[PDB]
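Peer 1: There's a structure below that I have some questions on.
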There are 6 protein chains.
Amino acid sequence: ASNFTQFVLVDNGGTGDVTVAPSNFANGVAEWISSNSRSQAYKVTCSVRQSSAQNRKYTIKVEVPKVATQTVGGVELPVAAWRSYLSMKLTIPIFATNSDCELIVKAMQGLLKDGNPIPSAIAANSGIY
Amino acid sequence: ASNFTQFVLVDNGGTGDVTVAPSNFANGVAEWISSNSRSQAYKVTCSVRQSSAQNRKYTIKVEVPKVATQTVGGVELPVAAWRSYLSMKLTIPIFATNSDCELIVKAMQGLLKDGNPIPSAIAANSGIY
Amino acid sequence: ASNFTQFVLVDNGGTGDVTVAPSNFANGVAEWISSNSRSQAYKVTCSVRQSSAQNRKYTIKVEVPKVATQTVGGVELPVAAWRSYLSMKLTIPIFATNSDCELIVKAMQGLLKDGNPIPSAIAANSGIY
Amino acid sequence: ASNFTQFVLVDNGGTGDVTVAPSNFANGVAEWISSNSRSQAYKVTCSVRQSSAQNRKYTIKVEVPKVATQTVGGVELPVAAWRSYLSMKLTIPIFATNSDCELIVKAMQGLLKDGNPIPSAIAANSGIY
Amino acid sequence: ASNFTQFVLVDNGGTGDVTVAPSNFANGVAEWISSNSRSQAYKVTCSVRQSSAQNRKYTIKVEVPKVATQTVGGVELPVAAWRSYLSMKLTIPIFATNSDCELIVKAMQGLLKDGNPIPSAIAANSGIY
Amino acid sequence: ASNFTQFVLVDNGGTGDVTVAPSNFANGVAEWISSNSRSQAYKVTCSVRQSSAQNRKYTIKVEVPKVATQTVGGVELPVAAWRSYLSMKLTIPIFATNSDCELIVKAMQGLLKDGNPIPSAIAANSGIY
RNA sequence: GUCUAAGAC
RNA sequence: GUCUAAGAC
């Protein structure tokens with residue numbers, strides 16, 4: 001059994017599909033990277049630690065690169081023009097049962113479901129109004 | 001036009017559906033709260049600010065309460081035994097077009113899609129392995 | 001659903017009713033204005049926030065114009081002589097359930113009901129006696 | 001006659017009706033309370049004062065209690081779990097006619113009428129949107 | 001209804017039309033932007049505040065960008081060569097009727113109508129003479 | 001050719017149009033006034049200068065009289081209660097070609113076009129909502 | 001503006 | 001009043 005495997009990060013039907021694969025798991029930090037130049041790859045990292053007596057804290061991080069070619073002195077390199085950085089911290093008390101957790105996951109999914117306020121605002125360079 | 005409206009945070013088919021509604025929008029912070037006792041409600045807040053010359057930063061926060069009744073001195077009150085706290089920060093360079101943004105949203109959705117590593121780990125009081 | 005719709009403030013059985021419609025929503029402070037010059041209009045504003053860690057607080061303000069010997073569309077000074085100001089503040093503990101709130105609303109309705117000492121005193125330029 | 005009479009504050013259709021009665025006028029503040037122990041009674045107070053040289057100001061307060069029985073020192077006492085507080089201040093110019101004042105009363109009644117936005121929001125534990 | 005809707009800012013007869021849409025209302029400032037990267041978008045903002053005791057003041061701003069692609073560090077980024085800035089402040093007395101306000105709108109429209117002196121001068125890079 | 005000619009500021013389809021004609025040109029500041037007492041007239045002024053080394057700046061000012069309950073030719077005080085003031089400032093970089101300027105004009109026309117959120121809000125003594 | 005509410009900060 | 005523009009001098 002293992003959940004440290006590759007998965008589809010960006011789903012574009014069956015074409016542009018961005019897949020991210022296990023890269024490293026040093027120091028309690030699982031890391032996934034998409035293929036090709038590390039310089040233009042997507043990155044996802046995750047780690048759980050016992051943040052206190054009653055809480056466990058998850059720290060998920062995602063990097064979305066803007067793929068581009070950099071030319072300097074006539075030498076070109078695959079780079080990322082810039083990167084968008086996602087960073088989330090989820091705290092869960094140790095009293096939470098598996099059902100409680102499933103619910104927390106559903107809340108996260110609903111928050112980002114297509115059509116709801118937050119994803120729509122983000123997807124359009126907008127805020128709330 | 002408005003995206004500051006109510007939406008379904010937790011989708012339980014058509015039954016246990018947790019809906020969250022606009023509560024307040026003071027100081028650039030949009031806030032949504034589910035119904036009934038504020039003390040046991042779900043809360044979602046969001047805000048975007050220009051974090052620097054080239055970046056806009058979104059700050060989404062979600063609270064999932066563990067509903068319970070507190071009895072003290074024979075007086076009972078609707079409370080939350082505890083709360084799970086989600087907190088995310090998303091940074092997006094001003095060069096990102098609407099397409100770039102749609103992609104960032106899809107990455108967030110894929111990250112939490114059912115069956116993928118992170119949501120499965122969370123939903124089971126587990127980490128990565 | 002969406003409660004920021006126009007409603008009837010002063011009801012005179014259809015003929016000569018005073019309808020007030022949404023006119024502003026800056027900072028989450030909902031505002032309703034009648035179809036008049038801002039100086040002679042009926043204004044209603046409402047907003048909610050968590051005043052303390054234990055209570056939420058609704059703040060409602062109403063402005064009613066003096067109609068006797070009024071000159072529609074004219075410049076009437078001093079403004080203090082032609083306008084009445086109503087300022088309501090409802091503090092509700094966070095333990096109040098939807099039902100508890102329905103009761104609180106019913107109480108406010110009874111307070112101002114036709115025939116009761118309070119409204120009948122105001123309508124007669126009187127106090128209690 | 002005398003307008004300092006008892007009236008029904010919460011109408012639950014003849015049964016469960018919270019009625020309130022005159023209970024004090026000391027210091028120019030008319031008070032009404034329900035038939036309970038002072039510790040868990042509904043309370044309504046009213047006072048008018050000539051605030052400015054050209055204004056009169058009514059100050060009205062209502063207290064809605066959440067009745068509970070509490071065990072203090074092994075002994076049960078009738079008490080209030082919490083109280084909701086309505087506080088209104090109405091400023092009317094002296095130039096206002098009785099007809100002008102009736103308008104103010106009708107506006108306050110329409111404001112709280114069943115189905116209109118504000119009472120709807122309050123009863124649903126939400127804001128206006 | 002809601003007047004916070006998208007509208008076409010630059011009409012190039014159905015094709016090449018710059019349309020602008022709601023994108024933010026944080027802090028009482030309504031914002032609209034075109035569908036570009038924040039770095040090269042058209043932007044329109046509006047806010048009303050009760051400046052004096054007898055005035056209301058609208059503050060409107062429009063930003064027209066000269067889109068260009070710039071090579072920074074050997075990488076191409078969508079940027080604006082320069083921006084043109086329109087800034088208008090309108091002060092209306094509270095005694096103004098809706099009919100009085102329509103007059104203000106009609107005057108602003110006539111001011112900028114095709115062929116009239118001012119737009120003619122601006123479009124020709126000249127002064128009035 | 002010579003743009004300092006009289007034009008129509010407020011158009012009501014011929015019947016009751018408000019034409020404004022040149023009335024002053026001191027210091028290159030072109031001025032247009034309607035056929036009224038300077039206190040009740042419609043005034044328009046315009047001037048251009050190089051605000052900085054990079055931009056030129058048009059400064060337009062419009063004054064619109066309050067007509068409701070107005071007394072043609074009378075002395076109406078306070079002046080602040082009977083006049084609305086519009087103050088436009090257009091900053092245009094020195095790189096803007098005639099075309100670039102034609103676009104900027106088109107944008108201003110769209111902003112104030114009939115039916116769009118901005119003019120329709122002003123004409124209704126409203127803000128955005 | 002707040003609250004523990006005709007009196008408190 | 002200026003600008004590099006809801007925030008700067």
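Peer 1: Here are some residues: E:90, E:77. Which one is within 14 Å of RNA strand H (Cβ to nearest atom) and more than 13 Å from the chain's Cα centre (by Cα)?
Peer 2: E:90
A quick yes/no check of all residues on (1) crowded, with 19+ Cβ neighbours inside 10 Å; (2) within 12 Å of RNA strand G (Cβ to nearest atom):
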| position | (1), (2) |
| --- | --- |
| D:21 | no, no |
| D:32 | yes, yes |
| D:37 | no, no |
| D:44 | yes, yes |
| D:49 | no, yes |
| D:56 | yes, no |
| D:62 | yes, yes |
| D:68 | no, no |
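Peer 1: Among the residues of segment B:100-119, what is the count of those that are in contact with an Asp or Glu (Cβ under 8 Å, 6 or more places away or on another chain) and farther than 17 Å from residue A:119 by Cβ?
Peer 2: Of the residues in that region, 0 qualify.
Peer 1: Looking at segment F:68-99, which of the residues that are free of Cβ contacts under 8 Å to residues at least 40 places away in the same chain and in contact with an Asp or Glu (Cβ under 9 Å, 6 or more places away or on another chain) is nearest to residue C:40 (Cα to Cα)?
Peer 2: F:68
Peer 1: So, in segment F:35-74, how many residues would count as being within 16 Å of RNA strand H (Cβ to nearest atom) and among the hydrophobic types (A, V, I, L, M, F, W, C)?
Peer 2: 6
Peer 1: From the set of residues in segment E:1-33 that are part of a loop (DSSP other than H, G, I, E, B) and in contact with a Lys or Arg (Cβ under 8 Å, 6 or more places away or on another chain), which is nearest to RNA strand H (Cβ to nearest atom)?
Peer 2: E:11
Peer 1: Checking residue C:76 against (1) in contact with a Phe, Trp or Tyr (Cβ under 6 Å, 6 or more places away or on another chain); (2) away from chain E (no Cβ under 12 Å); (3) more than 16 Å from RNA strand G (Cβ to nearest atom), which test does it fail?
Peer 2: (2)
Peer 1: (1) within 7 Å of chain A (Cβ to nearest Cβ); (2) within 24 Å of residue A:29 (Cα to Cα); (3) touching a strand residue (DSSP E or B) at 6+ places or on another chain (Cβ under 8 Å): which one isn't true of residue B:61, the others all being true?
Peer 2: If we test residue B:61 against (1) within 7 Å of chain A (Cβ to nearest Cβ); (2) within 24 Å of residue A:29 (Cα to Cα); (3) touching a strand residue (DSSP E or B) at 6+ places or on another chain (Cβ under 8 Å), just (1) comes out false.
Peer 1: Quick check, is residue C:127 within 16 Å of RNA strand G (Cβ to nearest atom) and either charged (D, E, K, R) or buried (at least 16 other Cβ atoms within 10 Å of the Cβ) (or both)?
Peer 2: yes
Peer 1: What number of residues in segment B:41-53 are more than 9 Å from chain C (Cβ to nearest Cβ) and not in a strand (DSSP E or B)?
Peer 2: Narrowing segment B:41-53 to residues more than 9 Å from chain C (Cβ to nearest Cβ): B:42-53.
Remaining after also requiring not in a strand (DSSP E or B): B:42, B:50-53.
Residues meeting the conditions: 5.
Peer 1: Kindly indicate whether any position in segment C:104-118 is away from chain F (no Cβ under 14 Å) and touching a residue at least 24 places away in the same chain (Cβ under 8 Å).
Peer 2: So far as segment C:104-118 goes, no, none of its residues is away from chain F (no Cβ under 14 Å) and touching a residue at least 24 places away in the same chain (Cβ under 8 Å).
Peer 1: Quick check on residue C:97: is it surrounded by fewer than 21 Cβ atoms within 10 Å (Cβ to Cβ), within 12 Å of RNA strand G (Cβ to nearest atom) and of a type outside the set (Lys, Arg)?
Peer 2: Against the criterion (surrounded by fewer than 21 Cβ atoms within 10 Å (Cβ to Cβ), within 12 Å of RNA strand G (Cβ to nearest atom) and of a type outside the set (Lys, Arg)), residue C:97 does not qualify.
Peer 1: Let me ask another. Residues A:115, A:110, A:127: which one is outside any strand (DSSP E or B) and in contact with a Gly (Cβ under 9 Å, 6 or more places away or on another chain)?
Peer 2: None of the others qualify; the one that does is A:127.
Virtual Cβ from ideal backbone geometry, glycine too; neighbours counted across all protein chains shown. Laboratory data are not the source of any read-out in this text; all were calculated from the coordinates shown.
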